[PDB]
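This document contains two forms of one protein chain, each encoded as structure tokens and listed individually as structure 1 and structure 2.
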Structure 1
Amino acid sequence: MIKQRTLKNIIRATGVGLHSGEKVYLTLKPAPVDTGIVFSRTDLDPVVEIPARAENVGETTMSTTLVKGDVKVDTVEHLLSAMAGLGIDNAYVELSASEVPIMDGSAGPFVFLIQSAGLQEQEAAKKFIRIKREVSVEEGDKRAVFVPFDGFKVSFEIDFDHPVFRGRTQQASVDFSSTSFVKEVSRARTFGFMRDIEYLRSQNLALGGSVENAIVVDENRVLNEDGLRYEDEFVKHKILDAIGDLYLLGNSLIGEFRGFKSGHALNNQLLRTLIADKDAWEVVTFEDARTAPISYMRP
């Protein structure tokens, strides 16, 4: 059978919140079967735990934020994308502050942490959610769609309307597996445009962001000395974000996601739209791993 997995060892990292600019200590720990990914605010008394589930997404302004009462865990998407990419079903994520550290702006440092801690297979069937029929959401010039597919395909289209793109809409599609996640997605960094600084300043956002942990674009060009990791790094990051936001469903999806200028808000609305359409999806397990729809790394 296709099994659930967790981490084999505890591992630690330090960084800063992209939006808060606050130093934060992170600890990843193994967790039991059927736990999912759970964030724990160990700086609070009492300690507050927030499951990383779509229903706990309370804010989606330039990040995905989990909320339980007055307690928040911000910017969960890049970590969650790495957990999804490596097939980590269950884990605890302890934080000393309200925001996951941004690291280098990509999921690469989280792939490092997960692979260095190692994986532990658990004796429980992995439950997948399979898309049976098309579901979509649309807010203005943004749209997000699920359609059936036997695997997990993440497609994205976005026109950034900036000179670095040479007037070309950015498009990419990834046939998801742990290997294609590592190869094609994991290292794509977050990004910002200087045209948006007044907006960010006014909302006290991106306080921890710079060329050290993000691609920064001025009126003409990418400011980062070494340029881009991928020619299509911007759209590949949008795919990284979608993988992390979609993992908040609580189960790996068997289907195709198509994003059209979509972001965190619409990603969460698509999950709520899908969940509510009870006949558009089903829960499945695999007794015979030879029919597995998605290839995950072995522990």
Structure 2
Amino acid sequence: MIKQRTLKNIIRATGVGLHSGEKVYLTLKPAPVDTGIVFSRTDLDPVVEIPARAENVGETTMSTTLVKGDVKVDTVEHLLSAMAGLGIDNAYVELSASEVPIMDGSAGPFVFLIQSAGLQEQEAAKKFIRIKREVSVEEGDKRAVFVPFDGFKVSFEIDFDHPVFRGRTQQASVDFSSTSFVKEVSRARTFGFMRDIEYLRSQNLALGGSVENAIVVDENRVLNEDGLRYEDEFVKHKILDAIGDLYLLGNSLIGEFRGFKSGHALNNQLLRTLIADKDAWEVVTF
């Protein structure tokens, strides 16, 4: 059989919240079988625990935000993209504050951190959610869809107007049978156009953001001296985001996803619509 996975050792790291600006301490620990990924606010009395499941998603406005009563955990998508990408079923994630640290804006630092723990194969068969029927959601020109597939394959498309996309498809597919998450996806960074960023900073958001933890773009060009990590880094990051938002199903996926111009909100509507349509999915082991 294929068996469940957790970490071997505790791990710490440090950083700033992309939106919040606050310094935050992160700790990863091992977890028993059938626990899932669980976020814990350790700065509060009592301590607040929130499973990383579609049911706990409070806001979806330019991040994915876990909510429980009056308490937030902000911007969880990149860490979960990482936990998805190394097949981590079980793990506790303690935070000193309300936002996960941005680090370099990619899953790079999380993917290495988890490898630094080591991998514990646990005595329990791994569970997958398999797609049985087509499911899709639309909103204006936007679209997100699950199709059945004996594998795991993600595709995405964006549709921006900018010099930087001149000549380009703004299109990327990745079949994870034949490519590496860590190599071909994990490193793509969070991006932002100046105007979008200034509109956030007027509403008391994007406070930890700069060229150290994100790609910034003016009317002309990428402002980052050292340039891009891939020729298609922007659409690659939308795929990394999608992979984090899907891991809110609580298990790894047997199927195919396709996004067209979609984000945190439409990605989450697709989960709820699939979950609600019982005949389109089933839990399975090997």
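Residues that one form lacks are left out of the comparison. The term rigid core refers to the most C-alpha atoms you can superpose between the two forms while keeping them within 1.5 Å. Quick note, the numbers are simply positions in structure 1, starting from 1.
- Once you line up the core between structures 1 and 2, the CA of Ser178 is the only one from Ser96, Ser210, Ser178, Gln115 that shifts by 2 Å or more.
- After superposition on the rigid core, the Cα of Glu198 moves by 2 Å or more between structures 1 and 2.
- Core-aligned CA deviation for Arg168 between structures 1 and 2: 2 Å or greater.
- CA movement of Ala84 between structures 1 and 2 equals 0.3 Å, with the two forms superposed on the rigid core.
- The rigid-core fit between structures 1 and 2 yields the following 3+ residue runs with every Cα displaced by 2 Å or more: 167-169, 176-179, 197-199, 201-203.
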